[PDB]
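What follows is run_17.txt (compact mmCIF, C-alpha atoms).
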# COMPACT_ATOMS: atom_id res chain seq x y z
CA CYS A 2 70.11 169.36 177.92
CA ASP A 3 73.59 170.93 177.69
CA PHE A 4 72.81 173.28 174.76
CA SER A 5 72.07 176.99 175.26
CA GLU A 6 69.07 178.78 173.70
CA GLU A 7 71.51 180.26 171.14
CA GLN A 8 72.94 176.80 170.33
CA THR A 9 69.44 175.27 169.99
CA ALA A 10 68.47 178.19 167.71
CA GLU A 11 71.65 177.62 165.65
CA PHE A 12 70.75 173.91 165.33
CA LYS A 13 67.22 174.85 164.18
CA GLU A 14 68.64 177.27 161.58
CA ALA A 15 71.10 174.58 160.37
CA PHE A 16 68.28 171.98 160.27
CA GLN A 17 66.35 174.43 158.04
CA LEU A 18 69.24 174.73 155.51
CA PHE A 19 68.99 171.14 154.20
CA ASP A 20 67.25 170.66 150.81
CA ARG A 21 64.70 168.13 152.15
CA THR A 22 61.52 167.17 150.25
CA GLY A 23 59.24 169.14 152.63
CA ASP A 24 59.10 166.40 155.29
CA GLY A 25 59.53 168.88 158.18
CA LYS A 26 61.73 166.17 159.74
CA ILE A 27 64.98 164.20 159.21
CA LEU A 28 65.38 160.61 157.93
CA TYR A 29 67.06 158.09 160.28
CA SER A 30 69.42 157.04 157.46
CA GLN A 31 70.48 160.69 156.92
CA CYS A 32 70.49 162.11 160.48
CA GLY A 33 73.82 160.46 161.39
CA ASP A 34 75.63 162.29 158.58
CA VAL A 35 73.74 165.50 159.48
CA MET A 36 75.06 165.26 163.07
CA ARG A 37 78.53 164.52 161.63
CA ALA A 38 78.40 167.53 159.28
CA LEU A 39 77.06 169.95 161.93
CA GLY A 40 79.18 168.81 164.91
CA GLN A 41 80.70 165.75 166.64
CA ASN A 42 81.56 162.58 164.66
CA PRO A 43 79.63 159.43 165.77
CA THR A 44 80.32 155.93 164.40
CA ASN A 45 77.83 153.97 162.26
CA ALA A 46 77.05 151.88 165.38
CA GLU A 47 76.59 154.94 167.65
CA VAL A 48 73.51 156.01 165.60
CA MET A 49 71.88 152.84 167.04
CA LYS A 50 73.49 153.11 170.52
CA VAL A 51 71.66 156.46 170.95
CA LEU A 52 68.51 154.26 171.24
CA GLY A 53 67.50 154.74 167.60
CA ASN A 54 65.84 151.61 166.19
CA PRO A 55 68.53 149.01 165.23
CA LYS A 56 65.95 147.25 163.01
CA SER A 57 63.15 148.80 160.92
CA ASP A 58 61.09 148.50 157.72
CA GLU A 59 63.61 150.91 156.17
CA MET A 60 66.02 153.53 157.60
CA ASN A 61 64.92 155.88 154.78
CA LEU A 62 61.28 155.43 155.89
CA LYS A 63 62.07 156.00 159.59
CA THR A 64 62.04 159.77 160.26
CA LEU A 65 62.35 162.14 163.26
CA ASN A 66 60.99 165.54 164.33
CA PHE A 67 63.42 168.18 165.72
CA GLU A 68 62.04 167.37 169.20
CA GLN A 69 63.42 163.81 168.77
CA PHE A 70 66.58 164.81 166.83
CA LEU A 71 67.77 167.37 169.44
CA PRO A 72 68.26 164.90 172.38
CA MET A 73 69.78 162.33 169.96
CA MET A 74 72.38 164.96 168.98
CA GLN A 75 72.81 166.19 172.59
CA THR A 76 73.74 162.75 173.99
CA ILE A 77 76.61 162.27 171.48
CA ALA A 78 77.63 165.94 171.90
CA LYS A 79 78.14 165.21 175.63
CA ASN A 80 79.19 161.52 175.69
CA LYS A 81 80.96 160.88 172.33
CA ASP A 82 84.17 162.94 172.67
CA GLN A 83 86.68 161.84 169.99
CA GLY A 84 90.37 160.97 170.39
CA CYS A 85 93.35 163.27 171.00
CA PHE A 86 95.89 164.30 168.34
CA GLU A 87 98.36 162.13 170.32
CA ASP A 88 95.99 159.12 170.06
CA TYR A 89 95.49 159.35 166.28
CA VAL A 90 99.21 160.05 165.68
CA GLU A 91 100.00 156.98 167.83
CA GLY A 92 97.48 154.87 165.87
CA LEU A 93 99.03 155.91 162.55
CA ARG A 94 102.57 155.40 163.96
CA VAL A 95 101.65 151.78 164.83
CA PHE A 96 99.92 151.35 161.43
CA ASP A 97 102.74 152.81 159.28
CA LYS A 98 104.81 149.94 157.79
CA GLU A 99 107.48 152.44 156.61
CA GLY A 100 107.68 153.95 160.13
CA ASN A 101 108.41 157.49 158.83
CA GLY A 102 105.06 159.16 158.01
CA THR A 103 105.04 158.11 154.33
CA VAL A 104 102.32 155.42 154.30
CA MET A 105 101.25 153.45 151.20
CA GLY A 106 97.87 154.22 149.62
CA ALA A 107 97.05 150.52 149.09
CA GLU A 108 97.44 149.89 152.85
CA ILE A 109 95.33 152.96 153.68
CA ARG A 110 92.67 151.67 151.23
CA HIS A 111 92.83 148.24 152.92
CA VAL A 112 92.23 149.63 156.45
CA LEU A 113 89.20 151.68 155.22
CA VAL A 114 87.55 149.23 152.77
CA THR A 115 88.36 145.81 154.30
CA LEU A 116 88.55 146.57 158.06
CA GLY A 117 85.62 147.93 160.10
CA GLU A 118 82.62 149.26 158.15
CA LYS A 119 83.35 149.33 154.40
CA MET A 120 84.16 152.89 153.28
CA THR A 121 83.23 153.29 149.60
CA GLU A 122 85.29 153.63 146.41
CA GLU A 123 83.81 157.16 146.20
CA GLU A 124 84.65 158.19 149.80
CA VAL A 125 88.31 157.08 149.71
CA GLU A 126 89.02 159.22 146.59
CA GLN A 127 87.71 162.34 148.41
CA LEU A 128 89.60 161.47 151.63
CA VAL A 129 93.06 160.75 150.16
CA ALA A 130 94.91 164.06 149.59
CA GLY A 131 97.62 162.47 147.41
CA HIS A 132 97.39 159.79 144.69
CA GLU A 133 97.80 156.03 144.16
CA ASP A 134 100.23 155.29 141.31
CA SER A 135 102.84 152.46 141.34
CA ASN A 136 104.40 154.19 144.40
CA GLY A 137 101.29 155.22 146.37
CA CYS A 138 103.42 157.19 148.85
CA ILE A 139 101.47 159.71 150.99
CA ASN A 140 102.18 161.43 154.34
CA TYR A 141 99.72 160.57 157.15
CA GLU A 142 100.68 163.64 159.25
CA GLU A 143 98.70 165.95 156.93
CA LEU A 144 95.67 163.60 156.94
CA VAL A 145 95.58 163.34 160.77
CA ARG A 146 95.57 167.17 160.99
CA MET A 147 92.85 167.39 158.29
CA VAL A 148 90.50 165.00 160.15
CA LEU A 149 91.43 166.57 163.53
CA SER A 150 90.14 169.90 162.14
CA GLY A 151 87.05 168.00 160.91
CA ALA B 195 104.70 131.39 144.26
CA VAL B 196 101.27 132.93 145.05
CA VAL B 197 102.10 134.88 148.25
CA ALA B 198 105.54 136.18 147.13
CA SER B 199 104.26 137.19 143.65
CA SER B 200 105.56 140.45 142.12
CA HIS B 201 103.00 143.11 141.13
CA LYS B 202 103.59 145.87 138.54
CA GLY B 203 100.64 147.89 139.90
CA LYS B 204 97.35 147.65 141.82
CA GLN B 211 90.21 132.16 141.05
CA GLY B 212 89.86 128.69 142.59
CA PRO B 213 92.72 126.66 141.00
CA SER B 214 93.86 129.44 138.62
CA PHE B 215 96.68 132.00 139.06
CA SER B 216 98.80 134.21 136.75
CA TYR B 217 102.40 132.96 137.15
CA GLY B 218 105.35 135.15 136.09
CA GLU B 219 108.00 133.91 133.61
CA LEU B 220 110.33 132.50 136.32
CA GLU B 221 107.49 131.16 138.52
CA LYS B 222 105.76 129.29 135.66
CA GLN B 223 109.07 127.56 134.85
CA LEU B 224 109.72 126.79 138.56
CA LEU B 225 106.25 125.19 138.88
CA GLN B 226 107.01 123.20 135.68
CA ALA B 227 110.34 121.86 137.07
CA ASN B 228 108.37 119.36 139.20
CA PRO B 229 106.88 117.15 136.40
CA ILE B 230 110.25 117.24 134.56
CA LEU B 231 112.21 116.03 137.63
CA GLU B 232 109.51 113.48 138.59
CA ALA B 233 109.54 111.84 135.13
CA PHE B 234 113.34 111.31 135.31
CA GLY B 235 113.39 110.47 139.04
CA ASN B 236 110.25 108.48 139.99
CA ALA B 237 109.12 104.84 139.72
CA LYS B 238 106.30 102.51 140.88
CA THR B 239 106.69 100.28 143.96
CA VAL B 240 104.28 98.25 146.15
CA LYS B 241 104.41 101.10 148.72
CA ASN B 242 104.07 104.07 146.35

Could I get this structure in the form of structure tokens?
Amino acid sequence: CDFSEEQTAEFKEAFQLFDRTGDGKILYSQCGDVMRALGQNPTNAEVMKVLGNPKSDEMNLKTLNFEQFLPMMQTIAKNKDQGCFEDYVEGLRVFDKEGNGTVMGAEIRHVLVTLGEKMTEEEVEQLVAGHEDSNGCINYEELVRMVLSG
Amino acid sequence: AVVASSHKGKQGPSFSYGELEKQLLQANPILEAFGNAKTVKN
């Protein structure tokens, strides 16, 4: 394990902060978003690639002790390093149909809802810093920095 | 007429044509009535 005693202690203290129903554990459906909130950002698929069960009775029923959660978090902490600022800026540069930073909200909504795993009509509203009127014009450069800091 | 449709803001056979488009898609039966006949081939 790569984590120090202080880091493991910090993870325990963080694990204790969640308003769980006294399970003393963490649900397999929830643990992905816990790991996201507390540190590195895995994909929806990665939560299975860490050798968590890809099929089950229910992901809300499946649940893990800290002893099982810690290595699951450690492996992505070590092996799931996210892209560079240059990489995300390049991605958005290739995406941007206006080729000037000022992307259209409808196109952003398309590449989050339609492509990949479907991001919800509640998520997108909390992600988009601007608004989607008849213009829909928003600058991606702010958004890339926002998610880089996330 | 479907793909190049104008949108003011954002089934099966049905589609909401604009004023110009609805007339354009109605030009066909008008021209066909004045310009078509029946032959052994067609």

Within 9 Å of chain B, which residues of chain A are there when counting all atoms listed in the file? Please give them as a PyMOL selection string. chain A and resi 107+133-136

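Note that the spacing between CA of residue 108 in chain A and CA of residue 125 in chain A amounts to 12.0 Å.
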
If you count only C-alpha atoms, which residues fall within 12 Å of residue 13 in chain A, apart from same-chain ones fewer than 2 positions away, as JSON, numbers by chain? {"A": [6, 7, 8, 9, 10, 11, 15, 16, 17, 18, 19, 25, 26, 27, 39, 66, 67, 68, 70, 71]}

Of the listed residues A:114, A:85, A:32, A:130, that which approaches residue 73 in chain A most closely, counting only C-alpha atoms: A:32

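Within the 10 Å cut-off around residue 77 in chain A, using all atoms listed in the file and omitting residues fewer than 3 positions from it on the same chain, the listed residues are residues 36, 40, 41, 42, 43, 47, 48, 50, 51, 72, 73, 74, 80, 81 and 82 of chain A.
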
Include C-alpha atoms and write out the residues we just selected as a compact mmCIF listing (two decimals), in the coordinates of the input.
# COMPACT_ATOMS: atom_id res chain seq x y z
CA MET A 36 75.06 165.26 163.07
CA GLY A 40 79.18 168.81 164.91
CA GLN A 41 80.70 165.75 166.64
CA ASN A 42 81.56 162.58 164.66
CA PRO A 43 79.63 159.43 165.77
CA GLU A 47 76.59 154.94 167.65
CA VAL A 48 73.51 156.01 165.60
CA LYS A 50 73.49 153.11 170.52
CA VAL A 51 71.66 156.46 170.95
CA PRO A 72 68.26 164.90 172.38
CA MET A 73 69.78 162.33 169.96
CA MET A 74 72.38 164.96 168.98
CA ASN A 80 79.19 161.52 175.69
CA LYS A 81 80.96 160.88 172.33
CA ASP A 82 84.17 162.94 172.67

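One finds CA of residue 34 in chain A at 24.7 Å from CA of residue 90 in chain A.
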
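CA of residue 30 in chain A is positioned 10.9 Å from CA of residue 54 in chain A.
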
Residues within 7 Å of residue 29 in chain A, please, as a PyMOL selection string. Count only C-alpha atoms; anything in the same chain fewer than 4 positions from it doesn't count. chain A and resi 60-61+63-65

Create the file for the chosen residues now, containing C-alpha atoms and written as an mmCIF file, in the coordinates of the input.
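The resulting result.cif:
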data_model
loop_
_atom_site.group_PDB
_atom_site.id
_atom_site.type_symbol
_atom_site.label_atom_id
_atom_site.label_comp_id
_atom_site.auth_asym_id
_atom_site.auth_seq_id
_atom_site.Cartn_x
_atom_site.Cartn_y
_atom_site.Cartn_z
ATOM 1 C CA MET A 60 66.020 153.530 157.600
ATOM 2 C CA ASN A 61 64.920 155.880 154.780
ATOM 3 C CA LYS A 63 62.070 156.000 159.590
ATOM 4 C CA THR A 64 62.040 159.770 160.260
ATOM 5 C CA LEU A 65 62.350 162.140 163.260
#

Using all atoms listed in the file and a cutoff of 12 Å, can you tell me which residues are near (100.7, 166.3, 161.6) in the file's coordinates, and write them out as a ChimeraX atom specification? /A:86-87,89-91,93-94,102-103,140-150
